[PDB]
Structure formats: C-alpha cells, structure tokens
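Colleague: Protein chains in written order, with the entry's author numbering: chain Ca, 4 to 397; chain Bf, 2 to 50; chain Fe, 148 to 244.
This is the structure I want to talk about, given as structure tokens.
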Amino acid sequence: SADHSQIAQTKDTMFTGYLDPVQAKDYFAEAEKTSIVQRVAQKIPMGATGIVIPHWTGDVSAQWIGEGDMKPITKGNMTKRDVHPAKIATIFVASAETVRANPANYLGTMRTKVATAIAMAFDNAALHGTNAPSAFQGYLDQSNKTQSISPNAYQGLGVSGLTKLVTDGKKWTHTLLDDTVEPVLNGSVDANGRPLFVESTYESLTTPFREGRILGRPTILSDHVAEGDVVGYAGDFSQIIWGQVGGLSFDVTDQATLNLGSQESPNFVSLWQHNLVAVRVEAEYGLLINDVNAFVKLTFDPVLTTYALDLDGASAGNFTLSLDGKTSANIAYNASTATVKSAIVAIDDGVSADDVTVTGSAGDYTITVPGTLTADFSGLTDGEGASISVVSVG
Amino acid sequence: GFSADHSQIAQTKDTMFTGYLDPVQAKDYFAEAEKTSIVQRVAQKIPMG
Amino acid sequence: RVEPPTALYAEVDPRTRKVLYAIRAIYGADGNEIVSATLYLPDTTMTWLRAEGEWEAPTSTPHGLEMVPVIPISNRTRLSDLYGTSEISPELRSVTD
Numbered sequence: 004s005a006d007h008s009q010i011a012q013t014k015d016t017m018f019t020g021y022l023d024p025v026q027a028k029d030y031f032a033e034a035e036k037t038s039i040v041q042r043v044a045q046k047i048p049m050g051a052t053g054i055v056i057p058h059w060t061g062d063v064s065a066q067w068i069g070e071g072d073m074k075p076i077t078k079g080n081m082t083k084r085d086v087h088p089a090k091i092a093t094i095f096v097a098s099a100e101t102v103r104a105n106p107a108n109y110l111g112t113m114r115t116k117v118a119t120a121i122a123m124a125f126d127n128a129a130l131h132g133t134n135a136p137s138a139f140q141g142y143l144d145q146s147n148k149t150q151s152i153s154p155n156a157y158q159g160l161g162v163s164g165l166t167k168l169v170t171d172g173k174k175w176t177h178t179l180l181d182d183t184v185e186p187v188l189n190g191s192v193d194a195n196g197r198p199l200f201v202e203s204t205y206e207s208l209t210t211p212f213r214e215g216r217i218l219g220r221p222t223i224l225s226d227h228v229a230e231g232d233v234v235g236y237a238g239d240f241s242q243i244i245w246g247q248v249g250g251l252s253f254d255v256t257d258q259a260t261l262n263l264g265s266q267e268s269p270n271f272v273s274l275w276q277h278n279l280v281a282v283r284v285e286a287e288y289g290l291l292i293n294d295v296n297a298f299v300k301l302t303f304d305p306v307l308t309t310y311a312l313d314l315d316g317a318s319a320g321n322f323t324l325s326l327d328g329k330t331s332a333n334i335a336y337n338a339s340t341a342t343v344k345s346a347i348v349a350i351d352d353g354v355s356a357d358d359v360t361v362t363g364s365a366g367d368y369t370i371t372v373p374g375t376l377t378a379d380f381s382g383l384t385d386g387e388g389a390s391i392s393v394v395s396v397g
Numbered sequence: 002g003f004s005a006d007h008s009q010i011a012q013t014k015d016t017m018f019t020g021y022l023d024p025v026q027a028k029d030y031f032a033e034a035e036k037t038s039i040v041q042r043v044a045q046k047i048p049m050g
Numbered sequence: 148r149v150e151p152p153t154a155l156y157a158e159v160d161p162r163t164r165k166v167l168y169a170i171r172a173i174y175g176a177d178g179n180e181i182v183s184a185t186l187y188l189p190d191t192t193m194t195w196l197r198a199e200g201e202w203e204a205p206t207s208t209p210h211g212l213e214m215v216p217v218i219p220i221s222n223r224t225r226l227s228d229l230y231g232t233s234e235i236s237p238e239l240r241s242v243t244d
C-alpha cells in the first residue's frame, strides 16, 4: 500500500495525536445541512420501474340549441407522462489499521457526512441545474420570472412579485428564503423608518424568520438556498413531486477490487491484497416539477434574464416574441442577431438598445432582456422542436 | 371503420387509451421439455475423488 | 433418530431461529456417490433413490406439522454463537500441533 494516500487512509497526518488525553471535541462544529426540497415538496410512492402520471386534456363542449335543432357531437381527451428514478453513489476506503483504531470516530463521521452530501446533491440538482441527472424533469432556476426584493420586501413579494404569478394564472402557495435574506426583512421600513415585519419594541425576530406567514402564505428558511444572483423563491410548491426507491444503503467489504482511475485509464487495486476496507453508498431518487413557469426567482437588486432560443433548423415561416405579455412583430426563420435585436427593441413597453443584447447565428440565439420573454413558433413551417429557455452561467 | 384517432367517436384503438388496453401475459403453452444426458443413463457411475 | 452433520444438513431462518428445510444425503459404501436423498419441508417429507446413475421418482409422506421434523442439537459457546462452534477449541488445536 501507499502512504499519505490521496484517496485511501493509512494512519495519515489527519490523525496526529489521535490517542492523546488532551484532545477534546470540536467546540466549533457546524450543524448538518438537510435537504429542503425533501421538506417542502410532496413525497410520492416510487419504485424501480418509475411511475406514470395520467392527465386530462380534452376541451369537452356543449352548445345552446333551439327546439328541434339537432344536437352537436363531442369527444374528451387525455395524456400520459412518466418519471424514472435516477441513482446517486460514492465509495470510501481505509486501511484495516484505520478501521481498528477508528480515530475521532472517522468511520461514523464519514457515514453521516456522505449522507448530508447525497441529500445536498439531490437538493442542488432541483433548486438549480447543478450536475443534475438526465432523468429529472426541470429545476427551479429555469422559471423565467424574477423579482428584486431589496428596497422593501412587502412591495417586492406581495405586490410586484405576486403580479407575475397571477397574470399567468399561477397560484402562490409558499415562499422559500435563504439565511442571507434577513437584512432585507429587517430593513423593510415604512416612510417613517419603522420596520414592517416586527412588533413595536423590536425585541423579537421578524415574523417570516419565525417561519411565520407573509400574506397568508407560510415561509420556509434555509442555510443553503442562495446561488449566483438568486436568494430565494416564491411560487406554487404543490407543482413539485419527488420520490425515493428504498433507504440510503451502506454495503461494506475488504474482498473486492477498485479502479483508482477512469474506466478508459484503469489503475486497479485489490482491497484484499493490501488489506484495505471499503464502504459502498447508494440512494435512488425521482423528481418532476409539473410547471417550471409557476415560480418567481428572488434577487436583491434587479437583474437581466438570459434566454437560449433554437428554431430546430426550420427553413420557412415567421415566429414572434412576447415580452411581459406584449407581442413583437413577426420575425423570419433566419433573421440576423441585429434583426432580432431591433425586433425586440421595437416592443412598445419602453425596452432600449443599451439594455437589450443579442448574440448567436441564424436559428440559434442568446438574448439578454429585463423581463419575462416568451416566443410562439406556430408560424414556422419546417420544424417542431423550436423552443426557448432560461440559461445561467459562471 | 374509422380513423385510429377519429374526432367524433371514442374507440379502443385510439392513442388516448394506450396506457390501459394491454394484452395480458400468460404461461408459455409451447414450452419445450428440457434435454438430459444419455451417457449418464447407460454408463455405470463409478465413485471418484 | 439422531444424524451427524456429515450426513444431514439444515438451513436456519436468522429472523426466527426456525429450521427452514433440511436434506439427508446417504453416500454409498464408497463414501463419494449419493445413493439416496431425503428432503424435509414444513408440510411434507420426500425421498429419491439414486440407483442406476440418476434419481428415481420420489416417494413422499405428509406429516401436517407447522414445522419441519428436524431439530438441531448444537454446541453453544455464547448467545452470539448462532450455529454452534466445535468443542475442539482453536487454543487446544494449537497445543496439539
């Protein structure tokens, strides 16, 4: 076996003084991060086959008729979607001497730390796209609505933000806030400079940070929701389902063999022939957000939103844009980046060429705009995968 | 008959019902009987280590 | 009748300590070919002969018990000793050699 190994453990420098009577506990330990998605979203019964969600779709209809005017005919309709659980895993490995000594209960510590990491890997694949498996459907950062909260959280959430949900016919049922949000609640004041969300002597925490309600909706806190521009979310959290195929599972051995390199660059080692002991960890999860449009991203200051737009190689017909619900002119299937830019800046709401930016090529565009942009491809005549979505970058 | 999606009529062939109207699985009525060695029938077995 | 573990073997349910099922295997006088075998299940017991190189059709008898008619005597050093350790202990083996 090696020593001071970059992957294994061999009475490594970590364990200097492990036996000493002067070693106390970590008085500065930080509490474990739970998932929050597994706490806000509806848990669904799930299995290795995946599951089918049926939904109705048919516009069933009736007509007013005069006496003896013979009646109309109608037909219902319905559709199928399905969800398959993805799988998440890791291995950790140590010398049998390390397993015998169990210094600082490293084995027990390691089991609980990898359990948090697997929960956070699920959570960060649902709130954001980060390393997400192919089998998950949607993540909340896709949502194409944003709201600045910072100058006054009440005007931010209950008025300006809530408008963006109800205009699309979406409900508001919860809000989810990062710890970093708190100063904006404390700083939300009336014109006399008295804070809104706390009682008159200012003894206690502001009510949303007691997990109290805002405007009838419950508030959920977290240590770890914020990434990039985004400090939290609001929306219809009834639209999310998730599920799990059996418990977080540990299996252990010293008999087996591990590749310490890639499958194409193998570097095999026997666990047995070096007397290493290894732990396998697995869990298996499904997720579906039924409507990505049913949320609002929360940000401190206002921000631009970036969209990727692809026309599926369609060589005929004209699409059109709509921004905050106001329509552009119609636009050709091969329009230049400058032609798309001028067609956006022409929208009557007061957009301007210092805010709007467009880059890419014919049928393949990136757009930056201060609003909820949408597109209609029904006027194209040579393709059907034509689509628009929000994109986020480092 | 009518198209497999007809607008006036709901039919068992319609794509709409494809999740429900599956054929039921059954025993293999044609399953072949397993072979056996003929040598182990005719030859006297001798006890061996 | 008592039988040794060199001629009868029995599976145990580790949930309940109940014997699941058991097999008796009669080696012939040569000590290398099984000339008859008997299977004890919970509901019934049944036996194959193995003259002429392959199993004859099994004879069978029910017994109506809730459980298989095999009981393990075991040596038991500890409560942890779930199958029973040999009395020729590893320290006594070492001083014999």
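We put the CB at the ideal spot given by N, CA and C, even for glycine.
For residue 184 of chain Fe, collect the residues of the same chain with a Cβ closer than 6 Å to its Cβ; drop the 5 residues on either side in sequence, then sort them by chain order.
Modeller: In the third sequence, the residue the question calls residue 184 of chain Fe occupies position 37. Closer than 6 Å at the Cβ level, and outside the excluded window around residue 184 of chain Fe, lie 172, 195.
Colleague: So with CB distances below 8 Å, who are the chain Bf contacts of residue 80 of chain Ca?
Modeller: Along the first sequence, one-based indexing puts residue 80 of chain Ca at 77. The answer, in chain order, is 17.
Colleague: State the DSSP-derived secondary structure class of residue 133 of chain Ca, mapped to helix, strand or coil.
Modeller: Position 130 of the first sequence holds residue 133 of chain Ca. Correct three-state label for residue 133 of chain Ca: coil.
Colleague: Is residue 26 of chain Bf close to chain Fe? Criterion is C-beta to C-beta, closer than 7 Å.
Modeller: Translated into positions along the second sequence, residue 26 of chain Bf becomes position 25. False, the Cβ-Cβ gap to chain Fe never drops below 7 Å.
Colleague: Could you say which of Ca:167, Ca:142, Ca:337, Ca:306 lies nearest to residue 315 of chain Ca if we only look at CA atoms?
Modeller: Here residue 315 of chain Ca refers to the residue found at position 312 when the first sequence is read from its first residue. Checked all of Ca:167, Ca:142, Ca:337, Ca:306; the closest Cα to residue 315 of chain Ca is Ca:337.
Colleague: Does residue 292 of chain Ca pass the burial test, meaning 16 or more other C-beta atoms within 10 Å, or should it be called exposed?
Modeller: By 1-based counting over the first sequence, the position of residue 292 of chain Ca is 289. Classification of residue 292 of chain Ca: buried, given that the 10 Å Cβ count is 16 or more.
Colleague: Around the Cβ of residue 39 of chain Bf, are there at least 16 other Cβ atoms within 10 angstroms (buried) or fewer (exposed)?
Modeller: Against the second sequence, residue 39 of chain Bf aligns to sequence position 38. Exposed: under 16 other Cβ atoms inside 10 Å.
Colleague: Expressed to the nearest angstrom, what Euclidean distance is found between the alpha-carbon atoms of residue 133 of chain Ca and residue 31 of chain Bf?
Modeller: On the first sequence, residue 133 of chain Ca is found 130 positions in, with the first residue counted as 1. On the second sequence, residue 31 of chain Bf is found 30 positions in, with the first residue counted as 1. If I take the Cα positions, the gap works out to 52 Å.
Colleague: At the level of alpha carbons, what is the spacing between residue 375 of chain Ca and residue 148 of chain Ca?
Modeller: Position 372 of the first sequence, counted from the start, is the residue given in the question as residue 375 of chain Ca. Position 145 of the first sequence, counted from the start, is the residue given in the question as residue 148 of chain Ca. Using only the alpha carbons, I get a separation of about 6 Å.
Colleague: Could you tell me if residue 205 of chain Ca is buried or exposed, where buried requires 16 or more neighbouring beta carbons within 10 angstroms of its beta carbon?
Modeller: Here residue 205 of chain Ca refers to the residue found at position 202 when the first sequence is read from its first residue. Burial call: exposed.
Colleague: Could you give the distance in angstroms between the alpha-carbon of residue 258 of chain Ca and the alpha-carbon of residue 371 of chain Ca?
Modeller: Taking the first sequence and counting its residues from 1, the one referred to as residue 258 of chain Ca is at position 255. Taking the first sequence and counting its residues from 1, the one referred to as residue 371 of chain Ca is at position 368. If I take the Cα positions, the gap works out to 56 Å.
Colleague: Going along the chain, which residues of its own chain have a beta-carbon closer than 6 Å to the beta-carbon of residue 356 of chain Ca, five neighbours each way excluded?
Modeller: For the purposes of this step, residue 356 of chain Ca is taken as the residue at position 353 of the first sequence. Here the set comprises 348.
Colleague: Just to make sure I have the definition right: I need the residues of chain Bf whose C-beta is within less than 7 Å of the C-beta of residue 201 of chain Fe. Which are they?
Modeller: Here residue 201 of chain Fe refers to the residue found at position 54 when the third sequence is read from its first residue. Residues of chain Bf passing the Cβ test: 41, 42.
Colleague: Take the Cβ of residue 326 of chain Ca as the centre, count every other Cβ of all protein chains shown within 10 Å, and call the residue buried at 16 or more, exposed below.
Modeller: Taking the first residue of the first sequence as 1, we reach residue 326 of chain Ca at position 323. Residue 326 of chain Ca is buried by the Cβ-count criterion.
Colleague: Which value, in whole angstroms, describes the spacing of the CA atoms of residue 16 of chain Bf and residue 62 of chain Ca?
Modeller: Counting from 1 along the second sequence, the entry for residue 16 of chain Bf is found at position 15. Counting from 1 along the first sequence, the entry for residue 62 of chain Ca is found at position 59. Each residue's Cα considered, the two are about 17 Å apart.
Colleague: In angstroms with no decimal places, state the Cα-to-Cα distance between residue 378 of chain Ca and residue 58 of chain Ca.
Modeller: Within the first sequence, residue 378 of chain Ca is the residue found at index 375, counting from 1. Within the first sequence, residue 58 of chain Ca is the residue found at index 55, counting from 1. One C-alpha to the other measures close to 25 Å.
Colleague: Less than 6 Å between C-beta atoms, sequence neighbours within five positions excluded: which residues of the same chain meet that for residue 168 of chain Ca?
Modeller: Within the first sequence, the letter at position 165 stands for residue 168 of chain Ca. Excluding residues within five positions, the ones whose Cβ falls inside 6 Å are 175.
Colleague: Taking a contact to mean a Cβ-Cβ separation below 7 Å, would you say residue 221 of chain Ca touches residue 307 of chain Ca in this structure?
Modeller: Here residue 221 of chain Ca is taken as the residue at index 218 of the first sequence, counted from 1. Here residue 307 of chain Ca is taken as the residue at index 304 of the first sequence, counted from 1. The answer is no: Cβ separation not under 7 Å.
Colleague: Where residue 168 of chain Fe and residue 189 of chain Fe are concerned, what is the direct C-alpha to C-alpha distance, given to the nearest angstrom?
Modeller: As a first step, residue 168 of chain Fe is located in the third sequence; it is residue number 21 there, counting from the start. As a first step, residue 189 of chain Fe is located in the third sequence; it is residue number 42 there, counting from the start. Answer to the nearest angstrom: the Cα atoms are 7 Å apart.
Colleague: Compare the Cα-Cα distances from residue 112 of chain Ca to each of Ca:262, Ca:28, Ca:73, Ca:212 and report the closest residue.
Modeller: Along the first sequence, one-based indexing puts residue 112 of chain Ca at 109. Of Ca:262, Ca:28, Ca:73, Ca:212, the residue nearest in Cα terms is Ca:28.
Colleague: By the 7 Å beta-carbon criterion, what residues does the region 44–64 of chain Ca contribute toward chain Bf?
Modeller: The residues in question are 55, 57.
Colleague: With respect to the alpha helix (DSSP H) encompassing residue 189 of chain Ca, which residues constitute its N-terminal and C-terminal limits?
Modeller: Taking the first residue of the first sequence as 1, we reach residue 189 of chain Ca at position 186. Counting along the chain, the alpha helix (DSSP H) containing residue 189 of chain Ca begins and ends at 185–189.
Colleague: Determine, using beta carbons only, whether residue 260 of chain Ca and residue 268 of chain Ca come nearer to each other than 7 Å.
Modeller: Residue 260 of chain Ca sits at position 257 when you count from the first residue of the first sequence. Residue 268 of chain Ca sits at position 265 when you count from the first residue of the first sequence. For residue 260 of chain Ca and residue 268 of chain Ca, no; Cβs fall outside 7 Å.
Colleague: Report the residue ranges of all beta strand (DSSP E) runs contained in full by the region 307–340 of chain Ca; include only those spanning at least 3 residues, in chain order.
Modeller: DSSP runs (the beta strand (DSSP E)) wholly in the region 307–340 of chain Ca: 308–313, 321–326, 329–335.
Colleague: Once DSSP output is grouped into helix, strand and coil, what is the label at residue 289 of chain Ca?
Modeller: Taking the first sequence and counting its residues from 1, one reaches residue 289 of chain Ca at position 286. Looking at residue 289 of chain Ca - three-state DSSP - the assignment turns out to be strand.
Colleague: DSSP state of residue 159 of chain Ca, grouped into three classes?
Modeller: Start at 1 with the first residue of the first sequence, and residue 159 of chain Ca comes out as number 156. Here residue 159 of chain Ca sits in helix by DSSP.
Colleague: Can you list, in chain order, the residues of its chain whose CB lies under 8 Å from that of residue 304 of chain Ca, leaving out five sequence neighbours each side?
Modeller: Mapped onto the first sequence, residue 304 of chain Ca falls at position 301. Around residue 304 of chain Ca: 151, 153.
Colleague: Per DSSP, which residues does residue 262 of chain Ca bridge with? Please list them.
Modeller: Start at 1 with the first residue of the first sequence, and residue 262 of chain Ca comes out as number 259. According to DSSP, residue 262 of chain Ca bridges with Ca:271.
Colleague: Within 10 angstroms of its Cβ, does residue 198 of chain Fe collect 16 or more other Cβ (buried), or is it exposed?
Modeller: Taking the first residue of the third sequence as position 1, residue 198 of chain Fe is located at position 51. Per the 10 Å Cβ criterion, exposed.
Colleague: Could you please tell me which residues of the region 164–175 of chain Fe, in chain order, have their CB closer than 7 Å to any CB of chain Bf?
Modeller: Listed by position, the residues of the region 164–175 of chain Fe near chain Bf (Cβ gap below 7 Å) are 175.
Colleague: Taking three-plus beta-carbon pairs below 8 Å as touching, is the region 101–116 of chain Ca in contact with the region 286–302 of chain Ca?
Modeller: Result no; under three Cβ-Cβ pairs closer than 8 Å.
Colleague: Leaving aside the five residues before and after residue 287 of chain Ca along the sequence, list all residues of the same chain whose C-beta is less than 6 Å from its C-beta, in chain order.
Modeller: Looking up residue 287 of chain Ca in the first sequence gives position 284. Cβ within range, chain order: 88, 90, 248.
Colleague: Are residue 199 of chain Ca and residue 157 of chain Ca touching if we call contact CB-CB under 7 Å?
Modeller: The count along the first sequence starts at 1 and reaches residue 199 of chain Ca at position 196. The count along the first sequence starts at 1 and reaches residue 157 of chain Ca at position 154. It is a contact, given that the beta carbons lie within the stated cut-off.
Colleague: Are any of the Cβ atoms in chain Ca nearer than 7 Å to that of residue 11 of chain Bf?
Modeller: Indexing the second sequence from 1 puts residue 11 of chain Bf at position 10. Cβ-Cβ to chain Ca under 7 Å: yes for residue 11 of chain Bf.
Colleague: Indicate whether at least one CB of chain Ca lies closer than 7 Å to the CB of residue 2 of chain Bf.
Modeller: Counting from 1 along the second sequence, the entry for residue 2 of chain Bf is found at position 1. Not one chain Ca Cβ lies under 7 Å of residue 2 of chain Bf.
Colleague: Residue 91 of chain Ca CB to nearest chain Bf CB: under 7 Å?
Modeller: If you number the first sequence from 1, residue 91 of chain Ca lands on position 88. No, residue 91 of chain Ca lies away from the interface with chain Bf (no Cβ there is under 7 Å from its Cβ).
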